[PDB]
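Engineer: There's a structure below that I have some questions on.
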6 protein chains.
Amino acid sequence: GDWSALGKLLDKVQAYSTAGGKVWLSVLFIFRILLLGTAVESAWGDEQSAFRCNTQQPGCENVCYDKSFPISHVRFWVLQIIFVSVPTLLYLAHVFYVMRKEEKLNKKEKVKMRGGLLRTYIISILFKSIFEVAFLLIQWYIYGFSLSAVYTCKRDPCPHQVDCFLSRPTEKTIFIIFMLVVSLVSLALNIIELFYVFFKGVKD
Amino acid sequence: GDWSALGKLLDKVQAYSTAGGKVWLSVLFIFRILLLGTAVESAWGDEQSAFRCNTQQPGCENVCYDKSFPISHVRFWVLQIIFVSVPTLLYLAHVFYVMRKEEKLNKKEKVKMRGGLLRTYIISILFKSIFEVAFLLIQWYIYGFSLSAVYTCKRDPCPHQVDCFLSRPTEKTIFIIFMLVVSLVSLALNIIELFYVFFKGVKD
Amino acid sequence: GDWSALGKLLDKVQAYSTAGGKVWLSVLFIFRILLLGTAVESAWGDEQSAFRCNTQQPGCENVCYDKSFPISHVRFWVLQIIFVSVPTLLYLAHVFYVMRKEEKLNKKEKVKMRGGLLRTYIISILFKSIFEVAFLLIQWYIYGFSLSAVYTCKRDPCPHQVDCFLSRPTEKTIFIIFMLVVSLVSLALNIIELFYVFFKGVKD
Amino acid sequence: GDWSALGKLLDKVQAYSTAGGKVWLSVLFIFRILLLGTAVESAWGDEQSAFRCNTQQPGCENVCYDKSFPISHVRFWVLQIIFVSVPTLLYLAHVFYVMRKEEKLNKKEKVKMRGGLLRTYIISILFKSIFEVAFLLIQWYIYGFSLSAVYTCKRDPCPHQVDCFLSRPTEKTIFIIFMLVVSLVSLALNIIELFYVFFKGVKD
Amino acid sequence: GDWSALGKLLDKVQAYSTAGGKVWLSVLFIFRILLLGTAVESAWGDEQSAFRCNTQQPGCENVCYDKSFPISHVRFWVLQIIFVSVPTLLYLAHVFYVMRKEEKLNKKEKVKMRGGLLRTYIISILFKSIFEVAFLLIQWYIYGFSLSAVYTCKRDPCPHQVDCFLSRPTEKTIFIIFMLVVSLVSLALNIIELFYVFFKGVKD
Amino acid sequence: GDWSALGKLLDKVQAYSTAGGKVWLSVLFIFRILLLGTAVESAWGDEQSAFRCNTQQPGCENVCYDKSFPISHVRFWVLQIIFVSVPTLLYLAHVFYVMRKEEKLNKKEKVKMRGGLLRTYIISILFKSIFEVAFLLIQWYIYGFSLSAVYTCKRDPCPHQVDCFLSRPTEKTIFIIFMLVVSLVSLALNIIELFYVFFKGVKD
């Protein structure tokens, strides 16, 4: 899919944010949206075609593939990258609205966070952090962080137990670890950014 | 398909609309057209190929797949997103026409909704609301909001009853719930926007 | 295929046409070219692969698929949208030529249809109307407006009669009805536009 | 393939050519390059996959498909549209070179075909005409203008005679007739353009 | 693949090169990069799928297809078009560097090849010529300029000799001849260009 | 995938870097990102489909294909081209920040590496070199630089030993050698660039 919608929006916020916001925008840009279109989208290509279980009964393969995979991981990461990118837009909307109000009000005759922009900023960073830890918790709860080559399936209308074999488990586990460590360092960067901003705000 | 037709049209209306109109345009932009191209278009890929019923008779699979699915859900959502996006264009057309008439008439020597723009605005929001509830009612009438893995098919030229097995029911039900809740909060946002505008119009 | 050839041409005519011409250009833009790329192009994907007749003889399927379908409907609509879009270009060419001649002639020292532009306008609308009714008549003559799921085929080198089963008849009939009603309201809009223009031309 | 190479070149010649050159550029633009990307490129999709002959011998199908088709028609039309578009570029190159020489020479202190531009113009139109009739003659010599559904193949390593069945003969014959009549009216337009230009050149 | 990297680079050299350089850039533009994306990329589509040898042993087909084809021809032409396009970039780099040095040095208070630009020019043309004849020599050494329909394969783990049948030999031989004659006239154009430039350089 | 993210970033650094940095940016541009989209992405197309081992047991092919290939080479090169392109961005970020600070500070009333830019420059080149040699060492440790046509597989649930046959080993080994020699000359260029810069820095 095309990812040139947000760019004409995240570029405009890359004019009047702090340096930690700029480097977080840069890592979100170059390490997630770029990685998702390039290679990790190709690896999930032959998802259901190469999947195979050892039986002769018709239609058991679809049920076992369903029970193994509630969702593919790519659409999970896309929902994650949508939900971590909503709650920073309203900060841009608020500063754009108050800049418009400033340019309206001053003519009846820089950037400095004061008054309420601190509040919007900290609740935006808090929402980003809690969405991050929520998505990571859900991914650990459902899938874990390893994929075995052999799966045991125990669902109707198949007989008692069947064995199924995936396709490319190693590469997928590698990319799962990679997206995990990217999410981890993004959370750590947000935490140290909020810590530095609060320290400078109590220092001034 | 390409979705860069309307953008050169919905951008121009994102200059002189109210804030509720701006946030509704933003959610229609980022949560529907972006979601439709990215991931939910991929999941309906192997629609008819992976579909399978348990028989030996030729050609029964096409009839049972037809009787199960009158339309795919993606084309239904595309028709929905067309019909909720027509009746806001004529508001832009009317304000563009009267702005042209203003710029023609004033030289023979902002934005403020007065006279008839209230009427066009409220009938546009009313048409959007009734189209929304009509599409949601039709989707509840035909499909429901859950998909069973096993379907029973009872059509000629197949014998009496046959069983059919779909592909990925869980992920599709998840995305159905997701589009449902997006439509619900869009309707609620339109209702509270019209309520606020009528309250300010009787307040002034 | 790419549809960004005409746009740099139909945009230029969307500067100096009447309001009925503008709304006809808008409906031709948003309801045909947009609909053709998005969803109805996907539904004709597995056209010949899913087609199947009940025999054991090799090669009968191609002959029966040929006799059922002289052309696919999508290429028929593309030829229709080409032939309804040629005879409006020469109006733009004529007004561009006479505007160039005006800008050449005036310097040797708006828009108002006078002299011959009425003639070009009415013959353009007449050609559009007769091409519309010709294409609709041909589509009714060959295909009708419904598709049965079962077809009886009676051609060599197959034996006497064979039965064939299509793929997704319901969705295709829905989209056929949709393109029909779009063509109908386009013809009605052109007729009422010409009626209004002739009434204003005899009123003045 | 992408067809946005020549456009940044045929647009520049659509500033200082005659009206017959402009309408020939317009028909070459809208009726060939647009038609080739949109629909007629889709119809040649399942070219070799759906092709089938009635035997049990391995590998005969490739030899019979080769002997039936020296080239597909689409690549033949692409070579035709390249060879009819080369010998008009050097006219633009010559007028650009002499316009550069004019702008160099005049400062040491419109368009009017005089001197040698007549010669370049008539040899360009002559080369376009002879390439057109050469390509049409070759297409009539090899293929004819009709496709039978059944073909008889008589090549080693197949036994004596075999029968082969194509895919969609009717639609392909329709598009062959269409490209033929487009080429015919292009040749007639070039001839009447050269006739009018020579008549005006002997009239002056 | 996308070929809009070099264009923003070969366009800039199409401002200050000689006329033979301009026509060589034009033929390299319109007859190679355009031809490679359009049609000849489609013909190598079903490369390995339609390939077939007559045996019952598993896996022999991959070994015989490997021994027949060290590389496909398209990737060979892509490497050729990279290696004939590197050694002209440094000429642009040198003239850009010395133009920058001129614009730096003159303000401390056209194009004319003098001093060392002759040397860079002749070694660039020499490198282009020797790379051209090297690639053509290698292509004649490995493949020849004709493809038989039947191939005899003599490799382990297949038994003694097997026969293999290609797909579309005639069309591929046609395009091989076409790329050959394009390379030949490019080499001849470079030779006559260098001859004319040296003749004018000894004439002055 | 799209590779037009970094371009709007590596272009901006191609304004104020040294000549060795410019030619390294040029070779990274034209010989890696261009080569990866064009041809070497096509050759890894039928990766798992054409792979085949000689057995009758179900599902052994996926396990043997997994044990042969931990990752495909293309995604390995993509991770390499990401990790060699991160540690040059912060140099641009630092010079942009200090140029902004210069333009802020000077108004309270070229490029010359002094103070700390030397330090950032040498640690950037050092990080690029060590990442290059690390990736090359890992590729030599896992794969080697040759691919045999026949592989012996010794994993459960297959019986004792099985033989597997790849697809196109020769072309893949050629491209492996090609990417190897490109990486080698990139490392050598970085080394001689740092040597020249340190020699000029101790010369001044």
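Labeling convention for the structure tokens: chains A, B, ... as they appear, residues from 1 per chain, ligands from 1 in order of appearance.
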Using 8 Å as the limit and counting only C-alpha atoms, can you tabulate each residue of chain E that touches chain D, with its shortest atom-to-atom distance in Å and the two atoms involved, as a tab-separated table?
Structural biologist:
residue	atom	partner	partner_atom	distance
E:30	CA	D:5	CA	7.8
E:34	CA	D:5	CA	7.6
E:37	CA	D:1	CA	4.9
E:38	CA	D:1	CA	4.2
E:39	CA	D:75	CA	5.9
E:52	CA	D:59	CA	6.7
E:53	CA	D:59	CA	7.4
E:54	CA	D:58	CA	6.4
E:149	CA	D:63	CA	7.5
E:165	CA	D:59	CA	6.4
E:166	CA	D:62	CA	7.2
E:167	CA	D:62	CA	5.9
E:168	CA	D:66	CA	5.5
E:169	CA	D:66	CA	7.2
E:170	CA	D:70	CA	5.9
E:171	CA	D:71	CA	5.5
Engineer: Go ahead and write the residues just picked, N, CA, C and O atoms, as a CSV table (one decimal), in the first residue's frame.
Structural biologist:
chain,number,residue,atom,x,y,z
E,30,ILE,N,15.9,6.4,-25.6
E,30,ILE,CA,14.7,6.0,-26.1
E,30,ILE,C,14.7,4.6,-26.6
E,30,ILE,O,13.6,3.9,-26.7
E,34,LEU,N,13.8,2.5,-22.6
E,34,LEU,CA,12.3,2.5,-22.9
E,34,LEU,C,11.9,1.1,-23.3
E,34,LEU,O,10.9,0.6,-23.0
E,37,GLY,N,11.7,-1.7,-20.4
E,37,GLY,CA,10.7,-1.7,-19.4
E,37,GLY,C,9.3,-2.2,-20.0
E,37,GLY,O,8.5,-2.7,-19.4
E,38,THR,N,9.2,-1.9,-21.4
E,38,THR,CA,7.9,-2.0,-22.0
E,38,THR,C,7.5,-3.4,-22.4
E,38,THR,O,6.6,-4.0,-21.8
E,39,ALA,N,8.3,-4.0,-23.3
E,39,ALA,CA,7.9,-5.3,-23.9
E,39,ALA,C,8.8,-6.4,-23.6
E,39,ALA,O,8.4,-7.6,-23.4
E,52,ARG,N,10.7,-27.2,-20.0
E,52,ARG,CA,10.3,-28.6,-19.8
E,52,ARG,C,11.3,-29.5,-20.6
E,52,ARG,O,11.5,-29.3,-21.7
E,53,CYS,N,11.7,-30.6,-19.9
E,53,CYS,CA,12.4,-31.7,-20.5
E,53,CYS,C,11.7,-32.9,-20.4
E,53,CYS,O,10.8,-33.1,-19.5
E,54,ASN,N,12.0,-33.9,-21.2
E,54,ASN,CA,11.2,-35.2,-21.3
E,54,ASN,C,11.9,-36.2,-20.5
E,54,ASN,O,12.8,-36.9,-20.9
E,149,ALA,N,15.2,-24.8,-30.8
E,149,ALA,CA,14.0,-25.1,-30.0
E,149,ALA,C,14.3,-26.3,-29.1
E,149,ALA,O,13.8,-26.5,-28.0
E,165,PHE,N,13.0,-28.5,-24.2
E,165,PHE,CA,12.2,-27.7,-25.1
E,165,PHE,C,12.1,-26.3,-24.4
E,165,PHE,O,11.6,-26.3,-23.3
E,166,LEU,N,12.4,-25.3,-25.1
E,166,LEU,CA,12.3,-23.9,-24.6
E,166,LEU,C,10.9,-23.4,-24.8
E,166,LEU,O,10.0,-24.1,-25.1
E,167,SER,N,10.8,-22.1,-24.5
E,167,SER,CA,9.5,-21.4,-24.8
E,167,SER,C,9.8,-20.1,-25.5
E,167,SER,O,10.6,-19.3,-25.1
E,168,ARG,N,9.1,-19.9,-26.7
E,168,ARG,CA,9.2,-18.8,-27.6
E,168,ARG,C,10.6,-18.5,-28.1
E,168,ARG,O,11.2,-17.6,-27.6
E,169,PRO,N,11.2,-19.4,-28.9
E,169,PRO,CA,12.5,-19.1,-29.3
E,169,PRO,C,12.6,-18.0,-30.4
E,169,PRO,O,13.6,-17.2,-30.4
E,170,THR,N,11.6,-17.9,-31.2
E,170,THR,CA,11.6,-17.0,-32.3
E,170,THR,C,11.6,-15.5,-31.9
E,170,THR,O,12.5,-14.7,-32.3
E,171,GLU,N,10.7,-15.2,-31.0
E,171,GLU,CA,10.6,-13.8,-30.5
E,171,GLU,C,11.9,-13.4,-29.7
E,171,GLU,O,12.4,-12.3,-29.9
Engineer: Neighbours of residue C:98 within 12 Å (only C-alpha atoms; same-chain residues fewer than 6 positions away dropped), as number ranges by chain?
Structural biologist: C: 91-92, 104-106, 111, 113-117
Engineer: Mind the document's chain letters and residue numbers, and return as a PyMOL selection string the residues of stretch 41-185 of chain C that DSSP labels helix (DSSP H, G or I).
Structural biologist: chain C and resi 41-43+60-68+73-83+86-105+117-142+169-185
Engineer: Atom CA of residue F:80 and atom CA of residue F:135, how far apart in Å?
Structural biologist: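 Pair atom CA of residue F:135 / atom CA of residue F:80 returns 6.8 Å.
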